[PDB]
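Asker: Sharing a structure here in structure tokens format.
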Amino acid sequence: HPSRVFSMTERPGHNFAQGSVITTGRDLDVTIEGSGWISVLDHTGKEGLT
Amino acid sequence: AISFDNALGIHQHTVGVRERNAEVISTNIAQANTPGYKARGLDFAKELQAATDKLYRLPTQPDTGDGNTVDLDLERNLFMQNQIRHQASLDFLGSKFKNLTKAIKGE
């Protein structure tokens, strides 16, 4: 009889809504207006979005 | 006539089958937690034919990844029934000799 059904928790995605913008007056502080990413390479060297 | 085969009937074989059945049920209960073990059932009519086998039990519920098809609720009931019937077979076969001895000795 089909009586036993398991459930597993999984990550379906991420929340890509715009984060809270903090005005700091610093020249080297940048925030992406709307959607978009900054391409950076980590310690190993593989590129990725941040 | 007048031979032990006819005097004892089939009660001489039933006691053995009830012992084999009890062994299989004991195996099923012990192997209930070991994954991959398939519950074994004994067909009574097969040992009846052998007197005059070791099958598999199809589960009523799915496994949980173990593959073990032993239902401990079923095994306890089947062990209780076999033990009760085993004692009756001893009573039946035991009285066969008690009547047989009384006929010979006349007392």
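FYI, nothing fancy with the structure tokens labels: chains A, B, ... in order, residues from 1 per chain, ligands from 1 as they appear.
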Residues of chain B were defined as contacting chain A if any atom lay at most 7 Å from it, counting only C-alpha atoms; please report them as a PyMOL selection string.
Answerer: chain B and resi 60-62
Asker: List the spatial neighbours of segment 37-47 of chain A as a ChimeraX atom specification - criterion: any atom at most 12 Å away, only C-alpha atoms, same-chain residues fewer than 4 positions off excluded.
Answerer: /A:16,18,30-33
Asker: Could you write out, as a list in words, all the residues of chain A that DSSP marks as strand (DSSP E or B)?
Answerer: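 DSSP on the backbone gives strand (DSSP E or B) at residues 39, 40, 41, 47, 48 and 49 of chain A.
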Asker: Restricting the output to N, CA, C and O atoms, write the selected residues as a short mmCIF file (atom, residue, chain, number, x, y, z; two decimals), in the first residue's frame.
Answerer:
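To be explicit, this is the file written out as out.cif:
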data_model
loop_
_atom_site.label_atom_id
_atom_site.label_comp_id
_atom_site.auth_asym_id
_atom_site.auth_seq_id
_atom_site.Cartn_x
_atom_site.Cartn_y
_atom_site.Cartn_z
N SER A 39 31.68 40.64 -11.34
CA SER A 39 32.48 39.46 -11.61
C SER A 39 33.83 39.58 -10.92
O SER A 39 34.57 40.53 -11.16
N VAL A 40 34.13 38.62 -10.05
CA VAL A 40 35.37 38.60 -9.29
C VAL A 40 35.93 37.18 -9.31
O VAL A 40 35.20 36.21 -9.52
N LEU A 41 37.23 37.07 -9.09
CA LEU A 41 37.90 35.78 -8.98
C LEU A 41 38.35 35.57 -7.54
O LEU A 41 38.89 36.48 -6.91
N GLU A 47 36.48 32.29 -11.53
CA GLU A 47 35.67 33.50 -11.53
C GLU A 47 34.27 33.21 -11.00
O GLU A 47 33.77 32.09 -11.05
N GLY A 48 33.63 34.26 -10.49
CA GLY A 48 32.29 34.13 -9.96
C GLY A 48 31.67 35.49 -9.77
O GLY A 48 32.33 36.53 -9.85
N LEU A 49 30.36 35.48 -9.51
CA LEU A 49 29.59 36.70 -9.36
C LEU A 49 29.43 37.05 -7.89
O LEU A 49 29.26 36.17 -7.04
#
Asker: Find the residues near residue 50 of chain B: any atom within 12 Å, counting only C-alpha atoms, skip ones fewer than 3 places away on the same chain, and give them as a list in words.
Answerer: residues 10, 13, 14, 16, 17, 43, 44, 45, 46, 47 and 53 of chain B
Asker: What would the file look like if the residues just selected were written as a tab-separated table (two decimals), in the first residue's frame with N, CA and C atoms?
Answerer:
chain	number	residue	atom	x	y	z
B	10	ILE	N	-0.76	-38.79	10.83
B	10	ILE	CA	0.16	-37.74	10.40
B	10	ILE	C	0.67	-36.90	11.56
B	13	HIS	N	4.48	-36.31	11.90
B	13	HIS	CA	5.15	-35.34	11.06
B	13	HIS	C	4.81	-33.90	11.41
B	14	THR	N	3.61	-33.64	11.94
B	14	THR	CA	3.20	-32.26	12.20
B	14	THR	C	4.09	-31.60	13.25
B	16	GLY	N	7.22	-31.97	13.72
B	16	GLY	CA	8.43	-31.50	13.08
B	16	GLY	C	8.22	-30.23	12.28
B	17	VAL	N	7.09	-30.13	11.58
B	17	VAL	CA	6.81	-28.95	10.77
B	17	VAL	C	6.60	-27.72	11.65
B	43	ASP	N	5.58	-22.99	3.69
B	43	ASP	CA	4.29	-23.47	3.22
B	43	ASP	C	3.96	-24.78	3.90
B	44	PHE	N	2.86	-24.79	4.67
B	44	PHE	CA	2.51	-25.97	5.46
B	44	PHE	C	2.22	-27.17	4.56
B	45	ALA	N	1.51	-26.94	3.45
B	45	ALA	CA	1.13	-28.05	2.58
B	45	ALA	C	2.35	-28.70	1.93
B	46	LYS	N	3.45	-27.97	1.78
B	46	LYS	CA	4.65	-28.55	1.19
B	46	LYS	C	5.25	-29.62	2.09
B	47	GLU	N	5.40	-29.33	3.38
B	47	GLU	CA	5.87	-30.35	4.32
B	47	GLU	C	4.83	-31.44	4.53
B	53	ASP	N	8.07	-24.53	-0.52
B	53	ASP	CA	8.87	-24.75	0.68
B	53	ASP	C	9.91	-23.65	0.84
Asker: Please identify which residues in segment 44-90 of chain B DSSP calls helix (DSSP H, G or I) from the backbone, and express them as a PyMOL selection string.
Answerer: chain B and resi 44-51+72-90
Asker: Hey, what's within 6 Å of residue 35 of chain B if we count only C-alpha atoms and toss same-chain stuff fewer than 4 positions away? As an MDAnalysis selection string, please?
Answerer: chainID B and resid 66:68
Asker: Write a file of the selected residues as a PDB file, in the first residue's frame, keeping C-alpha atoms.
Answerer:
ATOM      1  CA  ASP B  66      16.486  -1.159   4.086  1.00  0.00           C
ATOM      2  CA  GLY B  67      14.783  -3.619   1.764  1.00  0.00           C
ATOM      3  CA  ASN B  68      13.723  -5.620   4.830  1.00  0.00           C
TER       4      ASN B  68
END
Asker: Work out how far apart atom CA of residue 56 of chain B and atom CA of residue 40 of chain B are and give it in Å to one decimal.
Answerer: 4.6 Å
